[PDB]
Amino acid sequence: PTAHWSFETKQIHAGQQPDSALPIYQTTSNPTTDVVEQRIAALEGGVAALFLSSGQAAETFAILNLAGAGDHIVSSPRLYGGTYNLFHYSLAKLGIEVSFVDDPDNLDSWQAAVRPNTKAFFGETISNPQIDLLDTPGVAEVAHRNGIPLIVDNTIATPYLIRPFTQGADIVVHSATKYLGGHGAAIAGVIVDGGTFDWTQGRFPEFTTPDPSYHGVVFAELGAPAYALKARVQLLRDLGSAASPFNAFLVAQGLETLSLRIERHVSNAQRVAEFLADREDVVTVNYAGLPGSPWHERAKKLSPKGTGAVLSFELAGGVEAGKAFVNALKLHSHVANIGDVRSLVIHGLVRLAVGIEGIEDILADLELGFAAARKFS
């Protein structure tokens, strides 16, 4: 019907009421949330999505939907600190062991980490501060040949740059707090089900055994959105990481301009990267969009429109130069979250999430940081 719509059309209209041509159902007796779920699914080309209280809860649910006590996960070591803390501390206490591969670019390393109780592979499509790209097709190929699904976090790339289901991923997670909502005004997470994975190959008896908690349903018999439905009826029901309808409303409102924002974030980031790479007082820049990045060729293949809005770089003067540089910035925020419209310092490496301000104001602000770092030759 509307599958052929462009991205731009979808970010406004996908999931809308069939007679629209968005009321906040702030009730505990959800239609507001369902629209935002349908819209995000449509942007990723997934079959269904589940909107939740935060990105942390989305990562939690993505894992817990498959794994419990005595189960195992294989993860890239290149992780957001909040995901690492979840995997390494709180999940370990629930009897889920998360192993990290030595080098996520080494496909043999993923294979070697596979164990009989492994329930998923996990990685981030673009990680920070490295600004690598995951080899989603190659990692997915290893997972699938073992009967294991691949979960990826696509927060930094967004669906505008990468639709990982087209690359082999089975489950996509976003911190909607960040780019999807875009305005720093609503904490939210979302899990998107690709509907690409066969749940009946052996490792997932919870998908093939009648669930006495829910009318004896066998989730795999629900077809493509099995995983998403199971997460809603078991995890959301029991663990209760529900999204406020008001937050759903706000994220839907931010989604209406997603492509426009990402286009500007990305062109600003590319320019900041290039600016930095050309300076004598910068030792190195990490940004896949630069010709010299080790992941630039991969970016041309997997993410041709750009490599997100986050970058990092090292100053010649080391740790003290880095501190002096960041503490001198006036326009860059020190309190904003990645994925806001605002430029910010992410809390000798300096880490920036580049905003949609005027590029000349952004570069003038960075010159303040360079002036401050100058005392630390």
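Start at 1 with the first residue shown and count on from there.
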Exercise for review: Please count the deposited residues lying between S29 and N30 that the model leaves without coordinates, and give the class: none, 1 to 3, 4 to 9, or 10 or more.
Suggested key: 10 or more
Study note, to complete from the structure: According to the PDB record, deposited residues with no modelled atoms between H347 and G348 number 10 or more
Review point. Out of 102 to 110 and 175 to 183, which stretch has the higher average CA B-factor listed in the record?
Key: 102 to 110
**Study point:** Of 50 to 58 and 32 to 40, the one with larger mean CA B-factor
**Key:** 32 to 40
Revision key, fill the gap. Looking only at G240, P212, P245, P164, the Cα with the top B-factor belongs to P212
Study note, to complete from the structure: Max C-alpha B-factor within the set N268, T284, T155, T257 falls on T284
Point to revise | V218, C-alpha B-factor rank within chain (lowest, middle or highest third) | key: highest
**Study point:** For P77, the third of its chain into which the C-alpha B factor falls
**Key:** middle
Practice item. Consider only the C-alpha atoms of the modelled residues in this chain, order them by B-factor as the entry records it, and name the third containing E357: lowest, middle or highest. Key: lowest
Review point. So where's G123 on the chain's Cα temperature factor ranking, which third?
Key: lowest
Check your understanding: Taking the entry's C-alpha B-factors for this chain, is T208 in the lowest, middle or highest third?
Key -> highest
